[PDB]
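Q: My file is data_27.cif. It has mmCIF, C-alpha atoms:
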data_model
loop_
_atom_site.label_atom_id
_atom_site.label_comp_id
_atom_site.auth_asym_id
_atom_site.auth_seq_id
_atom_site.Cartn_x
_atom_site.Cartn_y
_atom_site.Cartn_z
CA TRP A 42 50.39 -60.98 -1.98
CA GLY A 43 52.19 -62.28 1.13
CA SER A 44 54.83 -59.72 0.18
CA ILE A 45 52.12 -56.99 0.23
CA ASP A 46 50.51 -58.36 3.42
CA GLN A 47 54.07 -58.17 4.80
CA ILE A 48 54.70 -54.49 3.92
CA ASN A 49 51.19 -53.70 5.09
CA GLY A 50 52.40 -55.10 8.43
CA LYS A 51 55.73 -53.22 8.33
CA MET A 52 53.92 -49.93 7.63
CA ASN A 53 51.42 -50.58 10.39
CA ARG A 54 54.22 -51.15 12.94
CA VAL A 55 56.12 -48.00 11.87
CA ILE A 56 52.84 -46.03 12.30
CA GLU A 57 51.98 -47.57 15.73
CA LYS A 58 55.46 -46.97 17.23
CA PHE A 63 55.45 -43.30 15.70
CA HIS A 64 52.19 -42.73 17.59
CA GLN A 65 53.84 -44.04 20.81
CA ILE A 66 56.86 -41.76 20.31
CA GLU A 67 54.52 -38.79 19.52
CA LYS A 68 52.60 -39.41 22.79
CA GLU A 69 55.82 -39.63 24.78
CA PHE A 70 56.97 -36.30 23.34
CA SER A 71 53.59 -34.75 24.26
CA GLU A 72 54.09 -35.85 27.87
CA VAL A 73 57.61 -34.39 27.99
CA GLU A 74 56.25 -31.14 26.51
CA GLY A 75 53.44 -30.97 29.09
CA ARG A 76 55.95 -31.30 31.92
CA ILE A 77 58.17 -28.56 30.53
CA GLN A 78 54.91 -26.59 30.59
CA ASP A 79 54.14 -27.40 34.27
CA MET A 80 57.68 -26.35 35.22
CA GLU A 81 57.43 -23.09 33.26
CA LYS A 82 54.00 -22.11 34.60
CA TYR A 83 53.90 -23.40 38.18
CA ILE B 45 44.25 -59.85 -4.02
CA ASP B 46 42.33 -56.60 -4.64
CA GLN B 47 41.79 -56.73 -0.88
CA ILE B 48 45.45 -56.44 0.14
CA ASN B 49 46.08 -53.67 -2.38
CA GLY B 50 42.88 -52.01 -1.21
CA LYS B 51 44.39 -51.99 2.27
CA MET B 52 47.87 -51.06 1.05
CA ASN B 53 46.74 -47.89 -0.68
CA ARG B 54 44.89 -47.12 2.57
CA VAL B 55 47.63 -47.98 5.09
CA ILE B 56 50.05 -46.33 2.70
CA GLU B 57 47.95 -43.18 3.16
CA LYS B 58 48.51 -42.84 6.90
CA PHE B 63 52.25 -43.85 6.36
CA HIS B 64 52.77 -40.98 3.90
CA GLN B 65 51.53 -38.25 6.26
CA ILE B 66 53.57 -39.68 9.11
CA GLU B 67 56.52 -39.37 6.75
CA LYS B 68 55.57 -35.70 6.78
CA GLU B 69 55.10 -35.65 10.57
CA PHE B 70 58.57 -37.23 10.89
CA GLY C 43 63.42 -32.89 40.72
CA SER C 44 61.41 -32.17 37.57
CA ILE C 45 64.39 -30.66 35.73
CA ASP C 46 66.81 -33.59 35.52
CA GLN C 47 63.68 -35.76 34.95
CA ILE C 48 62.52 -33.83 31.85
CA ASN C 49 66.13 -33.79 30.70
CA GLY C 50 66.29 -37.62 30.91
CA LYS C 51 62.87 -38.18 29.29
CA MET C 52 63.57 -35.76 26.40
CA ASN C 53 66.91 -37.33 25.60
CA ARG C 54 65.31 -40.77 25.46
CA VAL C 55 62.44 -39.48 23.28
CA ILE C 56 64.98 -37.95 20.83
CA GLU C 57 66.84 -41.29 20.70
CA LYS C 58 63.55 -43.09 19.86
CA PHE C 63 62.80 -40.35 17.13
CA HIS C 64 66.08 -41.20 15.41
CA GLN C 65 65.19 -44.96 15.49
CA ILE C 66 61.76 -44.33 13.91
CA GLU C 67 63.35 -42.16 11.17
CA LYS C 68 65.69 -45.01 10.12
CA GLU C 69 62.84 -47.56 10.21
CA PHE C 70 60.60 -45.39 8.10
CA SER C 71 63.36 -44.84 5.52
CA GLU C 72 63.80 -48.63 5.32
CA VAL C 73 60.08 -49.43 4.93
CA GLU C 74 59.71 -46.58 2.37
CA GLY C 75 62.68 -47.88 0.40
CA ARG C 76 61.13 -51.36 0.24
CA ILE C 77 57.79 -49.88 -1.02
CA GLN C 78 59.66 -47.79 -3.61
CA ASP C 79 61.50 -50.93 -4.76
CA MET C 80 58.35 -53.09 -4.95
CA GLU C 81 56.68 -50.38 -7.04
CA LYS C 82 59.73 -49.85 -9.32
CA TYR C 83 60.57 -53.48 -10.12
#
Let me see the structure of the file written as structure tokens.
A:
Amino acid sequence: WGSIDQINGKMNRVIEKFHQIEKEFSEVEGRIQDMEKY
Amino acid sequence: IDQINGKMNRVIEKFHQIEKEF
Amino acid sequence: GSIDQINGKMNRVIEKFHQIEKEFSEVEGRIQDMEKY
């Protein structure tokens, strides 16, 4: 099960970094929005 | 262990939807 | 100002999206293979 524990870890890290990339994109979006509105 | 497959099917859940989000 | 800044940030975000795609495909592949064999 060290092979499962290991893919559990690989899936967790893919998920964590997607959430970081998602947040970064949100911030970019919100600044396109500032520029467009203000 | 039932415990690490328990997790897997759970972690695998969030992974699958992110697949979709990707 | 804010225009070249967004342009830089967005390009770097897109770069990081392409990295995460490849990593996902590789993790998925490994899960598929564990389940198949």
Q: The PyMOL selection byres ((chain B and resi 48) around 12) - which residues does that actually catch in the file I just gave you? List them as a list in words.
A: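 The output of the PyMOL selection byres ((chain B and resi 48) around 12) on this file is residues 42, 43, 44, 45, 46, 47, 48, 49 and 50 of chain A; 45, 46, 47, 49, 50, 51, 52, 53, 54, 55 and 56 of chain B.
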Q: Compile a residue-level contact table for chain C against chain A at a cut-off of 7 Å, reporting for every qualifying residue the shortest atom pair and its distance in Å to one decimal, with only C-alpha atoms counted, rows ordered by chain and ascending number, as CSV.
A:
residue,atom,partner,partner_atom,distance
C:48,CA,A:73,CA,6.3
C:51,CA,A:73,CA,6.6
C:52,CA,A:73,CA,6.3
C:55,CA,A:70,CA,6.3
C:58,CA,A:66,CA,6.8
C:63,CA,A:66,CA,6.9
C:66,CA,A:63,CA,6.6
C:69,CA,A:55,CA,6.9
C:70,CA,A:55,CA,6.4
C:73,CA,A:51,CA,6.7
Q: Set the cut-off to 10 Å and count all atoms listed in the file: what are the residues of chain B that reach chain C? Output as a list in words.
A: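 On the chain B side, the interface is residues 56, 63, 64, 66, 67 and 70 of chain B.
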Q: By how many Å are atom CA of residue 45 of chain C and atom CA of residue 78 of chain A apart?
A: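 The value is 11.5 Å.
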Q: Which value, in Å to one decimal, gives the distance between atom CA of residue 83 of chain C and atom CA of residue 58 of chain B?
A: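 Distance reported for this atom pair: 23.4 Å.
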Q: Could you state the separation of atom CA of residue 82 of chain C and atom CA of residue 65 of chain C in Å, given to one decimal place?
A: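 That distance, rounded to one decimal, is 25.9 Å.
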Q: Please write segment 45-67 of chain B of the preceding block to a file containing N, CA, C and O atoms, as a PDB file, in the first residue's frame?
A:
ATOM      1  N   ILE B  45      -4.047  -1.492   2.915  1.00  0.00           N
ATOM      2  CA  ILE B  45      -5.042  -1.285   4.004  1.00  0.00           C
ATOM      3  C   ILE B  45      -6.313  -0.638   3.445  1.00  0.00           C
ATOM      4  O   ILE B  45      -6.250   0.215   2.544  1.00  0.00           O
ATOM      5  N   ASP B  46      -7.448  -1.056   3.999  1.00  0.00           N
ATOM      6  CA  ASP B  46      -8.765  -0.484   3.739  1.00  0.00           C
ATOM      7  C   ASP B  46      -8.734   1.028   3.867  1.00  0.00           C
ATOM      8  O   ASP B  46      -9.481   1.736   3.186  1.00  0.00           O
ATOM      9  N   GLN B  47      -7.856   1.488   4.752  1.00  0.00           N
ATOM     10  CA  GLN B  47      -7.677   2.901   5.082  1.00  0.00           C
ATOM     11  C   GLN B  47      -7.090   3.727   3.939  1.00  0.00           C
ATOM     12  O   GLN B  47      -7.509   4.867   3.705  1.00  0.00           O
ATOM     13  N   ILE B  48      -6.117   3.160   3.235  1.00  0.00           N
ATOM     14  CA  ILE B  48      -5.457   3.882   2.147  1.00  0.00           C
ATOM     15  C   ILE B  48      -6.241   3.776   0.840  1.00  0.00           C
ATOM     16  O   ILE B  48      -6.069   4.587  -0.063  1.00  0.00           O
ATOM     17  N   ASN B  49      -7.104   2.769   0.736  1.00  0.00           N
ATOM     18  CA  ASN B  49      -8.038   2.714  -0.381  1.00  0.00           C
ATOM     19  C   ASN B  49      -9.247   3.573  -0.062  1.00  0.00           C
ATOM     20  O   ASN B  49      -9.860   4.150  -0.947  1.00  0.00           O
ATOM     21  N   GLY B  50      -9.613   3.627   1.215  1.00  0.00           N
ATOM     22  CA  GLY B  50     -10.689   4.513   1.634  1.00  0.00           C
ATOM     23  C   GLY B  50     -10.327   5.908   1.160  1.00  0.00           C
ATOM     24  O   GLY B  50     -11.083   6.552   0.442  1.00  0.00           O
ATOM     25  N   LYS B  51      -9.146   6.359   1.555  1.00  0.00           N
ATOM     26  CA  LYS B  51      -8.641   7.670   1.148  1.00  0.00           C
ATOM     27  C   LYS B  51      -8.613   7.806  -0.365  1.00  0.00           C
ATOM     28  O   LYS B  51      -9.152   8.763  -0.922  1.00  0.00           O
ATOM     29  N   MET B  52      -7.985   6.839  -1.024  1.00  0.00           N
ATOM     30  CA  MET B  52      -7.776   6.882  -2.466  1.00  0.00           C
ATOM     31  C   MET B  52      -9.038   7.174  -3.224  1.00  0.00           C
ATOM     32  O   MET B  52      -9.070   8.066  -4.069  1.00  0.00           O
ATOM     33  N   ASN B  53     -10.091   6.407  -2.946  1.00  0.00           N
ATOM     34  CA  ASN B  53     -11.385   6.625  -3.580  1.00  0.00           C
ATOM     35  C   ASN B  53     -11.957   8.009  -3.230  1.00  0.00           C
ATOM     36  O   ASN B  53     -12.824   8.534  -3.936  1.00  0.00           O
ATOM     37  N   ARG B  54     -11.448   8.607  -2.157  1.00  0.00           N
ATOM     38  CA  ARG B  54     -11.885   9.935  -1.742  1.00  0.00           C
ATOM     39  C   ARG B  54     -11.063  11.007  -2.449  1.00  0.00           C
ATOM     40  O   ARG B  54     -11.621  11.870  -3.125  1.00  0.00           O
ATOM     41  N   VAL B  55      -9.744  10.940  -2.284  1.00  0.00           N
ATOM     42  CA  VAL B  55      -8.806  11.834  -2.987  1.00  0.00           C
ATOM     43  C   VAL B  55      -9.021  11.754  -4.492  1.00  0.00           C
ATOM     44  O   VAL B  55      -8.999  12.757  -5.212  1.00  0.00           O
ATOM     45  N   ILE B  56      -9.203  10.536  -4.967  1.00  0.00           N
ATOM     46  CA  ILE B  56      -9.490  10.289  -6.371  1.00  0.00           C
ATOM     47  C   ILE B  56     -10.756  11.028  -6.815  1.00  0.00           C
ATOM     48  O   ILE B  56     -10.944  11.305  -7.996  1.00  0.00           O
ATOM     49  N   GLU B  57     -11.628  11.349  -5.868  1.00  0.00           N
ATOM     50  CA  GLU B  57     -12.870  12.038  -6.199  1.00  0.00           C
ATOM     51  C   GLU B  57     -12.593  13.475  -6.625  1.00  0.00           C
ATOM     52  O   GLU B  57     -12.974  13.896  -7.711  1.00  0.00           O
ATOM     53  N   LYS B  58     -11.961  14.219  -5.731  1.00  0.00           N
ATOM     54  CA  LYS B  58     -11.517  15.583  -6.010  1.00  0.00           C
ATOM     55  C   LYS B  58     -10.613  15.581  -7.234  1.00  0.00           C
ATOM     56  O   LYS B  58     -10.758  16.405  -8.140  1.00  0.00           O
ATOM     57  N   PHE B  63      -9.726  14.737  -7.552  1.00  0.00           N
ATOM     58  CA  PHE B  63      -8.820  14.610  -8.679  1.00  0.00           C
ATOM     59  C   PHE B  63      -9.616  14.558  -9.973  1.00  0.00           C
ATOM     60  O   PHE B  63      -9.327  15.298 -10.910  1.00  0.00           O
ATOM     61  N   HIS B  64     -10.651  13.718  -9.991  1.00  0.00           N
ATOM     62  CA  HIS B  64     -11.519  13.536 -11.153  1.00  0.00           C
ATOM     63  C   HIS B  64     -12.191  14.829 -11.619  1.00  0.00           C
ATOM     64  O   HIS B  64     -12.211  15.122 -12.806  1.00  0.00           O
ATOM     65  N   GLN B  65     -12.738  15.601 -10.688  1.00  0.00           N
ATOM     66  CA  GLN B  65     -13.438  16.823 -11.042  1.00  0.00           C
ATOM     67  C   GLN B  65     -12.448  17.881 -11.528  1.00  0.00           C
ATOM     68  O   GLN B  65     -12.725  18.628 -12.472  1.00  0.00           O
ATOM     69  N   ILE B  66     -11.288  17.926 -10.887  1.00  0.00           N
ATOM     70  CA  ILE B  66     -10.225  18.803 -11.347  1.00  0.00           C
ATOM     71  C   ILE B  66      -9.825  18.444 -12.767  1.00  0.00           C
ATOM     72  O   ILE B  66      -9.684  19.327 -13.598  1.00  0.00           O
ATOM     73  N   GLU B  67      -9.653  17.155 -13.054  1.00  0.00           N
ATOM     74  CA  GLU B  67      -9.598  16.723 -14.449  1.00  0.00           C
ATOM     75  C   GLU B  67     -10.586  17.531 -15.275  1.00  0.00           C
ATOM     76  O   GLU B  67     -10.225  18.130 -16.294  1.00  0.00           O
TER      77      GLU B  67
END
